[PDB]
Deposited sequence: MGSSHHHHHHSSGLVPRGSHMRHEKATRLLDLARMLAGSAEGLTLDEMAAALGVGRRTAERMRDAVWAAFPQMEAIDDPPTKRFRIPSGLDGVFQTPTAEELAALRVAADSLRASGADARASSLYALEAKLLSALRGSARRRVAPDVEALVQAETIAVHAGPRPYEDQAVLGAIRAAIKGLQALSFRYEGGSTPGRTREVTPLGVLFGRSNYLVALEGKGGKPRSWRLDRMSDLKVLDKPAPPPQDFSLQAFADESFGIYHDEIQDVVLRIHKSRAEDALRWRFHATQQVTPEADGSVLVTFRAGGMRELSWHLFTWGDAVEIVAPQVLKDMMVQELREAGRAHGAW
């Protein structure tokens, strides 16, 4: 028996899918006409592609099977359109990984409708998807190398240390052992991970990570660590000292201020004089100084001093560099 490397994967997945009790490596090798070792490699491959694949030990041996795992109810165009423009927005940004997964969810999701449903909602969704676009922010393009990303998620799922060369941060070029905490998709993307004894989480730019390896050591994360909370410690990406920020939006821009997102923790309070008071705690003053720049003259930096300072040092730096003086 046989058929070429590319199609043997479907052929083996189909086999483990239609087996009740599972097949052993020597059963696969005989059904694939390939022989023990590369059937192992093929079993490898389809487990990668079908994480639903389970193995059952009836010792001494071991049998592998893909259980059913599916039973459809034909969602709406706007649901589908939502999914597509979602994925469209992501590949438009350069987030090829997040986009890929969503395009794959779409393909399998479409295929699972009937002859009728598929061609019937088709022009519906593309009508919608053309009548919707997400504006793309200017900024850095995220590194989404599903090799490095797959390695992170692998280590995280396993409770295992991740290892990589990092070209950044005070001593480039060299191999680093971390406890991976999570992935922070932002301007670029970041590994959130503890390095070394008694560390506290640091941000590792995916742009700068080569040569990942999922080590065989346990690296559990602190039981008290929350990726969200870690992200919410800063106004943007940078984790400075966490400041108490106090801003006063002029009345001219109060309507905006009252329907605006400054931080996850914001309290906005309207004032009798029509101005609006904004308080929140966060690091990332520079990143904050930038956004305040888009408020023009309608914002007063009440607190903290260090914000006031960086706002002005930033201002005068561009001001001479473009001739505002």
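Deposited-sequence stretches lacking C-alpha coordinates, listed in sequence order = Gaps vs deposited seq, in order: 1 to 20, 92 to 93.
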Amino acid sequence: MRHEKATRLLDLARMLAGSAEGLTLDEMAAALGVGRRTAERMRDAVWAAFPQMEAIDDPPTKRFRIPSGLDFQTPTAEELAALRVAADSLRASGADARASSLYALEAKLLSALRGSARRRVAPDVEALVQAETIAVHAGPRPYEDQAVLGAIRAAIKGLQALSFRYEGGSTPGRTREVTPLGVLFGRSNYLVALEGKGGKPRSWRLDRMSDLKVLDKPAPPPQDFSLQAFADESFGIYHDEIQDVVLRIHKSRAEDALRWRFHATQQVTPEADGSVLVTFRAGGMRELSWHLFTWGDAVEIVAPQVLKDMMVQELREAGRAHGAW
From here on, numbers count along this sequence of modelled residues.
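message = On mean Cα temperature factor in this entry, is 192 to 200 or 174 to 182 the higher one?
response = Averaging CA B-factors over each stretch, the winner is 192 to 200.
inquiry  = Please compare 116 to 124 with 222 to 230 and say which has the higher mean C-alpha temperature factor in the record.
reply    = Here the higher of the two C-alpha B-factor means belongs to 116 to 124.
inquiry  = Among 243, 252, 146, 101, where is the Cα B factor highest in this entry?
reply    = Reading the PDB entry, the winner on C-alpha B-factor is 146.
ask   = Hey, out of 38, 266, 294, 289, whose CA B-factor is highest in the deposited coordinates?
value = The C-alpha B-factor peaks, among 38, 266, 294, 289, at 38.
ask   = Among the modelled residues of its chain, does the C-alpha B-factor of residue 262 lie in the lowest, middle or highest third?
value = It belongs to the lowest third of the chain when residues are ordered by C-alpha B-factor.
key: Third of chain Cα B-factors occupied by residue 106   = Bottom third by C-alpha B-factor.
task = Would you mind ranking residue 9 by its C-alpha B-factor against the rest of the chain and naming the third, lowest, middle or highest?
result = For residue 9, the deposited C-alpha B-factor lands in the lowest third.
Third of the chain, ranked by Cα B-factor, where residue 64 sits = Within its chain, residue 64 is a middle-third residue by C-alpha B-factor, going by the deposited values.
task = Relative to the other modelled residues of the same chain, rank the CA B-factor of residue 187 and answer lowest, middle or highest third.
result = As the PDB entry reports it, the C-alpha B-factor of residue 187 lands in the highest third of its chain.
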